[PDB]
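For reference, the structure discussed in these notes is given below.
Protein chains: 2
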Amino acid sequence: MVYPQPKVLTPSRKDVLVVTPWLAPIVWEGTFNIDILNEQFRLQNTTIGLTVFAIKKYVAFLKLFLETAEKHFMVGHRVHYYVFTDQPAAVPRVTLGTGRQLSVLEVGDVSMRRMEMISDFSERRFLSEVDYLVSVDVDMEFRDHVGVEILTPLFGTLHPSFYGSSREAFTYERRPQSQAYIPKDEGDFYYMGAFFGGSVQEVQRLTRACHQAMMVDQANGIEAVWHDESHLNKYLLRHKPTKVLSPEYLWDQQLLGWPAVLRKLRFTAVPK
Amino acid sequence: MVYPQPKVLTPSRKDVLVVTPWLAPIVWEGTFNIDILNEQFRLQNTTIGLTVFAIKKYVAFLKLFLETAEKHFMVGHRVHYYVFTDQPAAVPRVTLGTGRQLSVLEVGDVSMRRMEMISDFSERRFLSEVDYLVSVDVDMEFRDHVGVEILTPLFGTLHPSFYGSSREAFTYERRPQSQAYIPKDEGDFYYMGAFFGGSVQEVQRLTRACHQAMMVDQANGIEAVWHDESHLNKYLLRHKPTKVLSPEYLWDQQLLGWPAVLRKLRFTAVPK
Ligand SMILES: O=c1ccn([C@@H]2O[C@H](COP(=O)(O)OP(=O)(O)O)[C@@H](O)[C@H]2O)c(=O)[nH]1
Ligand SMILES: O=c1ccn([C@@H]2O[C@H](COP(=O)(O)OP(=O)(O)O)[C@@H](O)[C@H]2O)c(=O)[nH]1
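So the protein sequences, as listed, match chains A and A'. A prime marks a further copy of an entry chain.
Residues 69 to 176, 183 to 346 in the entry's author numbering are what the first sequence lists, from first letter to last.
Residues 69 to 176, 183 to 346 in the entry's author numbering are what the second sequence lists, from first letter to last.
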């Protein structure tokens with residue numbers, strides 16, 4: 069299946085880090101050939117589950133989120149959307165391509187809901203067919219390809235406000251009394267809670283660990299500074315991800331524009 | 069466990085490709101922090117088996133190969149050397165560091187011996203404790219660190235004579251009648267038969283496939299142009315490796331000097 073030969077003596081990128089110091093790829097445009105990856109993943113009949121929460125007024129974001137996911141997310145691969153909502157009847161009936169299904173799961183501090191709910195759900199036997207789970211915010215739209223290049227045992231996503239920051243500027247939980255605590259001299263990246271995922275087993279492990287950490291902090295009267303993102307960051311510090319997604323995958327154009335290191339804006343915040 | 073923070077806006081290398089188009093790291097100096105990797109691998113009590121053939125006059129290369137492996141190969145990790153030889157009594161008694169053991173396996183066209191022998195051996199139950207297998211040439215010496223940065227499910231090594239070559243210059247098997255055949259318009263890299271490895275299961279699969287391909291070619295009266303390296307290259311074309319080692323890991327300084335893209339010469343050919 070012919071494609072350009074890789075060029076050993078030409079860097080993929082001269083302006084960004086494309087592999088972490090523990091040899092996990094950092095996924096930017098120009099670092100992958102999607103035709104090779106699509107083949108690898110279709111040979112395994114890869115099924116991707118996508119979880120999204122749309123609780124209270126956030127059910128209004130589902131229409132664009134699902135319409136644009138159908139244009140850009142994992143097209144050609146098997147996809148199952150799992151929409152967690154307090155308003156199942158408000159979920160828009162969006163037309164889906166072949167091989168793609170959607171289920172609505174009704175949901176009943184609430185800071186723990188996402189990690190609690192994904193943890194319980196990720197352990198269910200009806201996921202036997204799903205290979206990877208991906209968890210994203212709903213108040214977002216896809217604008218360009220998000221595909222199997224992201225898939226791996228465990229991935230997080232560089233927060234778009236902090237990718238250029240030094241670690242002491244990262245808003246990690248800094249109180250030693252919290253289970254999310256990270257010392258000022260530690261930290262590889264600051265990951266955003268709005269896009270993470272991995273194999274079902276790695277997502278079971280991450281969401282369990284985060285939910286259990288959050289319950290310990292609650293018992294102790296402490297709420298981490300950025301809630302489940304704080305616990306995501308302590309988790310991925312100690313269990314390093316096998317791919318890191320660049321901020322192409324989680325961007326806010328109104329806040330941050332279209333800077334030179336972004337060749338594509340793939341999944342972006344919806345305003346107000 | 070503190071180490072420098074990764075720099076998102078600084079490339080690891082500006083002179084070489086450090087990730088393949090299917091997102092496998094290509095391992096060069098400055099792309100890994102061995103302290104992070106050593107920790108990950110020691111947490112799993114990683115045991116590395118190293119196979120080497122020393123048949124006929126090549127038993128003379130074992131002394132330096134094992135003395136320098138003790139200085140540079142996987143130091144701190146569990147290592148078991150498996151020396152395949154027709155002269156077990158000629159194997160030098162080299163003093164080994166703690167956690168490192170050596171076994172001698174006596175061996176009885184012969185072009186098939188390496189893939190046949192590693193295939194049979196890799197399936198034995200006494201490997202239950204070994205996590206990865208690495209297969210190298212004996213007429214070589216280690217000069218610098220070769221460590222757990224190479225470990226992964228499946229890896230090959232860029233041939234030091236061809237890393238700068240275009241694919242039509244690669245000495246793949248080009249006859250359609252051989253099981254090793256690769257079309258002129260296909261090929262990612264040219265891997266050398268002198269350093270490859272992976273998990274035990276991936277090495278079982280690669281050496282079986284290569285041995286079975288070689289037996290088909292023998293039945294058909296054809297010998298691939300570069301023998302088991304030709305079949306290694308067809309295998310890794312179709313089953314792409316999860317890391318690629320740069321030519322730091324397989325070099326010939328007498329032939330090729332110390333060019334600018336090599337920051338370290340880690341495992342090099344012994345002359346004449
Ligand atoms: O270091 C690189 C360079 C390119 N590519 C990808 O391989 C394909 C072809 O790359 P090329 O630069 O040759 O693009 P072309 O000029 O043929 O359009 C595209 O999907 C690139 O993003 C890659 O994965 N790593
Ligand atoms: O893109 C990079 C840059 C550095 N490192 C490694 O991380 C460690 C520290 O890197 P640094 O450049 O900060 O070296 P220092 O100047 O502190 O000696 C060394 O093992 C480097 O090879 C890496 O894995 N990827």
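The beta carbon of each residue, even a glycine, is placed where N, CA and C say it ideally should be.
The residue among A:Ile123, A:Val344, A:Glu276 with its C-alpha nearest the C-alpha of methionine 214 of chain A is A:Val344. In chain A, no part has a C-beta under 9 Å from the C-beta of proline 333 of chain A'; the shortest such distance is about 10 Å.
With its beta carbon less than 8 Å from one in chain A, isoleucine 104 of chain A' belongs to the interface. For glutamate 242 of chain A', same chain residues with a beta-carbon under 7 Å away, outside a window of 5 residues either side, are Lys258 in chain order.
Taking the Cβ of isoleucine 104 of chain A' as the reference point, every heavy atom of ligand 1 lies at 7 Å or farther away. Contact annotation: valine 95 of chain A and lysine 317 of chain A have beta-carbon atoms nearer than 8 Å. Contact between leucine 232 of chain A' and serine 320 of chain A' is confirmed by a C-beta separation of about 6 Å, below the 8 Å threshold. Taking the Cβ of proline 227 of chain A as the reference point, every heavy atom of ligand 1 lies at 7 Å or farther away. If you draw a straight line from the Cα of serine 80 of chain A' to the Cα of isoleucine 123 of chain A', it is about 41 Å long. For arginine 168 of chain A, the secondary structure class from DSSP, reduced to helix, strand or coil, is strand. Between ligand 1 and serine 252 of chain A', a heavy atom-to-CB distance of less than 7 Å is absent.
Interface residue (Cβ-Cβ distance to chain A less than 8 Å): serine 80 of chain A' is classified as such.
When Cβ-Cβ separations below 8 Å define contact, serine 235 of chain A' makes no contact with chain A. Where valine 120 of chain A is concerned, the enclosing beta strand (DSSP E) starts and stops at 115 to 122. Non-local C-beta neighbours of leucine 164 of chain A in its own chain, meaning closer than 7 Å and more than five positions away in sequence, comprise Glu138, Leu170, ordered along the chain.
Applying a distance threshold of 5 Å between residue Cβ atoms and the heavy atoms of ligand 2 selects A:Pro89, A':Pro72, A':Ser80, A':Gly98, A':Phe100, A':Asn101, given in chain order. Taken atom to atom, the span from the alpha-carbon of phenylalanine 270 of chain A to that of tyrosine 237 of chain A is near 16 Å. Using a 10 angstroms sphere on the CB of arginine 146 of chain A, the tally of other CB atoms reaches 16 or more, which defines it as buried. Beta-bridge pairing by DSSP links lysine 317 of chain A' to A':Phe229. Residues of the region 112 to 134 of chain A that bring their beta carbon within less than 8 Å of a beta carbon in chain A' are absent altogether. Counting only Cβ-Cβ distances below 9 Å, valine 84 of chain A' has contacts in chain A at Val76, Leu77, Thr78, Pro79, in chain order. Residue pairing by DSSP puts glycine 271 of chain A' in a beta bridge opposite A':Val208, A':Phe229. Residue contact with chain A for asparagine 101 of chain A': present (Cβ-Cβ distance below 8 Å to some residue of chain A). Rounded to whole angstroms, the gap between the alpha carbons of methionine 288 of chain A and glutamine 253 of chain A is 7 Å. Contact check between the region 324 to 340 of chain A' and the region 199 to 207 of chain A': fewer than three CB pairs, one atom from each, fall below 8 Å, which does not count as touching.
Taking 4 residues as the shortest admissible run, the region 255 to 306 of chain A' contains the following complete alpha helix (DSSP H) segments, listed from N- to C-terminal end: 274 to 293.
In terms of Cα proximity to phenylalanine 152 of chain A', the closest of A':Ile192, A':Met186, A':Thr78, A':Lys131 is A':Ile192.
At least one heavy atom of ligand 1 is found less than 7 Å from the C-beta of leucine 85 of chain A'. Annotated three-state conformation of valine 222 of chain A is helix, per DSSP. Pairing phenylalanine 341 of chain A with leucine 225 of chain A gives a Cβ-Cβ distance that is not under 8 Å. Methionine 69 of chain A carries a coil assignment under DSSP once its states are collapsed to helix, strand and coil. For chain A, the residues of the region 249 to 264 of chain A' that bring a beta carbon within less than 9 Å of one of its beta carbons are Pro257, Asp259, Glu260, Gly261, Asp262, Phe263, in chain order. In the DSSP assignment, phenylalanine 109 of chain A' falls within the unbroken alpha helix (DSSP H) covering 102 to 111. Close partners of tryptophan 90 of chain A' in chain A (Cβ separation under 8 Å): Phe100, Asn101, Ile104, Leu105, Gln108. With 16 or more other CB atoms across the displayed protein chains lying within 10 angstroms of its CB, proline 315 of chain A' is buried.
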